[PDB]
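Asker: The data below comprise the sequence and an experimental structure of the protein.
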Amino acid sequence: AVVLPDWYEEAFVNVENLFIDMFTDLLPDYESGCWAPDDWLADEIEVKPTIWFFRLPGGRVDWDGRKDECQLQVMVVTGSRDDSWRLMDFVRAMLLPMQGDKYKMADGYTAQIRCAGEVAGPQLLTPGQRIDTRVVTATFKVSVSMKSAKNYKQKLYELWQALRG
Amino acid sequence: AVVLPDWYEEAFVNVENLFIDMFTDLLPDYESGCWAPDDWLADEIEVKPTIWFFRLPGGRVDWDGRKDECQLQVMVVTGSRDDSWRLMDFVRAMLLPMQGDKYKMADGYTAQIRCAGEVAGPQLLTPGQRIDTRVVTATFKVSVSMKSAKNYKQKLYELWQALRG
Amino acid sequence: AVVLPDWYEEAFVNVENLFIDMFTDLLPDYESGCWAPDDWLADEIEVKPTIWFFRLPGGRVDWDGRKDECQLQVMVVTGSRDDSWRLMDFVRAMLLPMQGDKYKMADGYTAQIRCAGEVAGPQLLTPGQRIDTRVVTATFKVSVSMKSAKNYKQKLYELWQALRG
Amino acid sequence: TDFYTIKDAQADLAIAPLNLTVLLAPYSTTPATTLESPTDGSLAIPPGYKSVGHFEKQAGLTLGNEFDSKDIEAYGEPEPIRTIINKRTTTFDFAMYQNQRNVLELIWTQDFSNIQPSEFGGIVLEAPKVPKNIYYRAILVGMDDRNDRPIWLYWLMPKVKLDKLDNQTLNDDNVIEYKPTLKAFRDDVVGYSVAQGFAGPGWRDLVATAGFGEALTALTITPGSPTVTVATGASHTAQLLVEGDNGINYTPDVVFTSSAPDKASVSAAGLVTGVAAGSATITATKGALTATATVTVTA
Amino acid sequence: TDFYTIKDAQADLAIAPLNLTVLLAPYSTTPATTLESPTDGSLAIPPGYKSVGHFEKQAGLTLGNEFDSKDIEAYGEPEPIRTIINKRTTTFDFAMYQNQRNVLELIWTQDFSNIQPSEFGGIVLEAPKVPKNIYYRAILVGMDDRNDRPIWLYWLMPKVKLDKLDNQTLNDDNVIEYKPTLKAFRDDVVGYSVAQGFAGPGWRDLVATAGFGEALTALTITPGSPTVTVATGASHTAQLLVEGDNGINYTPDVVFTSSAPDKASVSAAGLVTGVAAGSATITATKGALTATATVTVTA
Amino acid sequence: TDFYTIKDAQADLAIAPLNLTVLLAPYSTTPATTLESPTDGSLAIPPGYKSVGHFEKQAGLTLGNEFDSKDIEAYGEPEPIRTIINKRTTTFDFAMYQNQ
């Protein structure tokens, strides 16, 4: 994959990964992800329910405040409008009342959701090529505390003071 | 190339060049630039990671304040979404905590990043023709002090007083 | 050309003409203008550097204040991105520190640039049909004093008081 | 008549100071009576005035004025009788950028002339125990140019002093700005606390329209019939001084044309060097007005 | 002349403190006279000054100033006579983020040195019955770098004290911020309440232009004709100290070139170690100015 | 040396209270000396403190501070001598929602 420097440690959590883990624990059979899998698109007439989380440009990160704000778009895809609305209601009930809630992701790291407000409300999108799937989409503003606000200015200074200076 | 007047010295640093040098020092093997090289586009199925820095119209330059503000868009291109998000996390952890930090570019000139905030958060763009590449893009508001605020009014006055006057 | 009335004298300076004269005095060999000449478009593989100044809708004219504010777009076209950025740096270092600076145009009239601030920062635009030219564009807000705020109400009244009155 | 003539708006008497400069001088120097060179009519700032450098463009100077009205009412009237003014204070403030010796001296109200930098070029500027009362002589010069003839509009405050100072925000996106509010006092020598002034060829054009002095109606050249020598003698050359009834010397503005350049040649500067021994007519060419003269040449 | 010369805007004397730091120290420590190392001309904060950590970037420090003007009028004049200033109070505030011992000690105006954490690393910080009068020695250090030569612009307030404290909003999107407004008093030992200072190689470049000390006109190297030994004796090496008429040691700034390195080799640091027994001319290479010297070698 | 070392910014000592709770108790109960369990080192709120429930998220508590400064000047100095503080009042407000 990517060979990051040895002295570097992750500072931001992955909001999409955190919510994918959360809603795979909450809904085990129904698959949630950040993408449309090739095998999920194989069946359309009898489509399995799914939830998609997409990080979107929104909110201002506060490195000094140890806050990572982002806009999250949740797309609930089911075979019926009633099922899509029920699943979107479940997602909203899970996300909206969060305030300083902790959650241990699959990585073993316990994140902390500072707050989760709604930017754009749910709406049933018009069908596209996939005609038998009813999708309900909503955008949330999710603020999550960073893993660590530690800076690596020392390593950055060492780099150019050893190579150039 | 361009034959500038003998009495003119550079007044602004190249933000794109500065960050290209910084992330070629931080990430030696992974190539970073302001453009998509023709040889990098040659391989797509097994695509090497890369980072692109684009200066964008944003922020107001303050000549009297010796400040050069610009919006820098970072495009992280890897073969996997997880790798792209890890590299974008590394870039954010590098730029965000900067405050008056110094860096000696390949030109031998030591720049000084006043501050580096984020305007648009990271997001995974939808694939284009290069279907196997996952790109994560973010925009940063970068302010860097100018090389010199010295004005060349005297030379212009000489020019128009010798040619016409 | 245009047969203007014998009693009318110019009231505004041509900002594009003023800066074209200024940057043909500053850079003699490199051609600057408000248009793409037919002979300049003849060569692409080895393209000569050029600078384009376009007046754009921006700023409010103040006839009573003897001011003429406008938005000037500068397009630096060279065969290399580094050359384009160097020439844009030169243009910015010339225009930005201006404050009440006089300049004698080719017409023999000495203008006076009240101020020159940057609205949109420099940026490297994506290539079009002309693939070997790297263009860097930036818009400036240029304020220049008018030639004369003298009004011609006397002639206007005389016209309709002789014809219709 | 037509109504636009009643207003009589010139629209060219609106002078804007496009490059405002503040020049502070110690109280020991002689205050500037005017900024006009007696020999050339050009901008001549007297020595001892040192600029405070560049300040903020968008803010600029705010030349304030305050009036103390005391409408004395004696026995009761529907309107006050003999409304008088007690004090007129003139103040101006500007956000200096330069970290010069004079700027910091003004800010700290001290004299840093004895401050000797260390062997490594390091200076420390201690604030005074008690804020000193230090007076300065200030000039606020601005230049508005018409074509190539500038108008030097300026103020002359000879006894300014720092009154207040604005709070300073030390961020990363802005430089340190010093924003004193100088207050102008009345000097007992020159007798005034502030004096607005205008100078330059542009003001030579605009002074008659402004309303100062007699109107420009006639022009004359002081030598009625001068004689110059063909040889390189003492009287080889002479000078022409065209002067209107306004009393203003119009020599640089007026260009002279000689009907017979073979005898006497006169340039735009009124040079009477001459060519050959003879009499030539010199016509001072101006616009709406014109003047005539005759010059003779004899070795 | 031309008008832009009158302003004389250097445009490089605008120092912006890009990384402002606050270093509080207990009143028992010796106040810092300057932040320049006597032996190296580098930043040397004296021991006992502990930083308060990072504060809010967008707010910064608001170094406030207040003036008490008492324009005494005796018998009635159109303008006041002998306008004096009573008190000048300098205050500065910052929104601290760190939950350090010194920060909380400053906020609560108490000494938490004796606060011993419990066996499980838990502390409780009781507020004092009556707010104590605790004085601190503060420094506000900022660095602006030209190329690689920094300018250390700083303030030296030796008797600061907390005056007020802004209300704290405890939400989920912002950390706890402490925003005290320290007020600088006049220490009776050092005799000043605040002292702005500049240091660094950048200030070595800009001091002559700023107007402090005599202008840079001449450069000399103190040893007129030094002699060094070829053998590794006591006099094997020597030091070159180029110093201008300004009194500033320009040795680190000036690079020296030797015409004949075979006899004597001198680097940019003025090393006079030498190579072979002989006489070599050393030319101190600077920009607009230059200096010359001769170095001899004899075992 | 390098300048960033002078500031010594930890950046991990910025504790943000993410779930602020207010627990009011009657005056008859014993005030809590600390909220650390002596035997376990865990949060142990003493009995008698009953939470006032959830309040407004965006507003939150505004822990205010007020100072009564009396800079006594005896015989006239360019700066006050022995600047003392009389009273320090601590106040905090919150928009409660529960109808308890």
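Answerer: Perfect, I can see it now. Residues are numbered from 1 along each chain as shown, chains lettered A, B, ... in the order given.
Asker: helices or strands up against the longest helix along chain D?
Answerer: For chain D, the helix that runs over the most residues, judged by DSSP state H, is helix D:201-210. Using 3 or more C-beta pairs under 8 Å, 6 or more residues apart in numbering or on different chains; DSSP states H and E as the contact test, the elements touching helix D:201-210 are strand D:136-146, strand D:149-165. All C-beta spots, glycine's among them, are computed from the backbone N, C-alpha and C.
Asker: looking at those strands, which is closest to chain F?
Answerer: Smallest distance to chain F across the helices and strands packed on helix D:201-210 (C-beta to the nearest C-beta): 16.3 Å, for strand D:149-165.
Asker: That closest one vs chain B: in contact?
Answerer: No. When contact is scored as C-beta under 8 Å from any C-beta of the partner chain, no part of strand D:149-165 falls within range of chain B; the minimum is 13.0 Å.
Asker: about what we covered before: next helix or strand past the longest helix of chain D?
Answerer: strand D:219-221 (DSSP states H and E).
Asker: Secondary structure element holding the residue of chain D positioned farthest from its centre?
Answerer: Residue farthest from the centre of chain D, counting by C-alpha atoms, centre = their mean, is residue D:75 at 48.0 Å. If you go by DSSP H and E, residue D:75 is not part of any helix or strand.
Asker: Report the closest residue of the stretch 151-299 of chain D relative to chain F.
Answerer: Counting by C-beta to the nearest C-beta, the stretch 151-299 of chain D gets nearest chain F through residue D:172, at 12.9 Å.
Asker: Report the separation between that residue and residue E:187.
Answerer: With distances taken as C-beta to C-beta, to the nearest Å, residue D:172 is found 30 Å from residue E:187.
Asker: Same check on residue D:131?
Answerer: From residue D:131 across to residue E:187, the span is 17 Å (C-beta to C-beta).
Asker: ok, which stretches of chain D are helices?
Answerer: Secondary structure of chain D (DSSP H): helices at D:4-7, D:101-108, D:201-210.
Asker: list the contacts for residue D:207?
Answerer: Taking C-beta atoms under 8 Å, 6 or more residues apart in numbering or on different chains as the criterion, residue D:207 is in contact with D:198, D:213, D:246, D:248.
Asker: Find the nearest non-adjacent residue to residue D:231, please.
Answerer: Closest residue to residue D:231 apart from its sequence neighbours, by C-beta to C-beta, 6 or more residues apart in numbering or on different chains: residue D:299 at 5.3 Å.
Asker: Same question for residue D:189.
Answerer: Using C-beta to C-beta, 6+ apart and skipping residues adjacent in sequence, the residue nearest residue D:189 is residue D:31, 7.1 Å away.
Asker: for residue D:163, same thing?
Answerer: In space, residue D:163 is closest to residue D:183, 4.2 Å off (C-beta to C-beta, 6+ apart).
Asker: got the contact list for the spatially closest residue to residue D:289 that is not a sequence neighbour?
Answerer: Nearest residue to residue D:289 in three dimensions, chain neighbours excluded: residue D:219, at 5.6 Å (C-beta to C-beta, 6+ apart). Contact analysis of residue D:219 by C-beta under 8 Å, 6+ apart lists D:242, D:243, D:244, D:245, D:250, D:254, D:284, D:286, D:289, D:290, D:291.
Asker: and the residues you listed, which are buried?
Answerer: The neighbour count (16 or more other C-beta atoms under 10 Å in any protein chain shown) marks D:242, D:243, D:244, D:250, D:254, D:284, D:286, D:291 as buried among these.
Asker: Can you tell me which of the residues you listed is nearest residue C:164?
Answerer: Nearest to residue C:164 among the buried ones among the contacts of residue D:219 is residue D:286, at 37.6 Å by C-beta to C-beta.
Asker: how about stretch D:49-67 against chain E, any contact?
Answerer: Yes. Applying C-beta under 8 Å from any C-beta, one finds stretch D:49-67 in contact with chain E at D:51, D:53, D:54.
Asker: For the first one, name its beta-bridge partners.
Answerer: Judged by DSSP bridges, the bridge partners of residue D:51 are residue D:23.
Asker: Surely it touches residue E:4?
Answerer: No. Using C-beta atoms under 8 Å, residue D:51 is not in contact with residue E:4; the gap is 11.2 Å.
Asker: For chain A, just list every one of the strands.
Answerer: Remark: strands assigned in chain A by DSSP state E are A:31-33, A:50-56, A:67-78, A:99-104, A:110-124, A:134-145.
Asker: list the helices and strands the first one packs on?
Answerer: Translated: strand A:31-33. Counting contacts by 3+ C-beta pairs under 8 Å, 6+ apart, strand A:31-33 is packed against helix A:15-26, strand A:50-56.
Asker: got it, and the last one?
Answerer: Under the contact criterion of 3+ C-beta pairs under 8 Å, 6+ apart, the helices and strands touching strand A:134-145 comprise helix A:15-26, strand A:67-78, helix A:81-95, strand A:110-124.
Asker: Which one, of these, ends up nearest to chain E?
Answerer: Of the helices and strands packed on strand A:134-145, the one closest to chain E (C-beta to the nearest C-beta) turns out to be strand A:110-124, at 4.6 Å.
Asker: can you give me the angle that closest one makes with helix A:81-95?
Answerer: Between strand A:110-124 and helix A:81-95, the angle comes out at 150 degrees (axes from the mean of the first three to the mean of the last three C-alpha atoms, to 10 degrees).
Asker: tell me which residues of strand A:110-124 are tucked away?
Answerer: Across strand A:110-124, burial judged by 16+ other C-beta under 10 Å covers A:111, A:112, A:113, A:114, A:115, A:116, A:122.
Asker: farthest-separated two in those?
Answerer: A:112 and A:122 (25.7 Å).
Asker: Reformat the helices and strands packed on helix D:201-210 as TSV; add mean neighbour count and distance to residue C:95.
Answerer: Supplementary listing: the helices and strands packed on helix D:201-210 in TSV, determined by neighbours: other C-beta atoms under 10 Å in any protein chain shown; distance: least, C-beta to C-beta, whole Å:
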stretch	mean neighbour count	distance to residue C:95
strand D:136-146	23	19
strand D:149-165	22	22
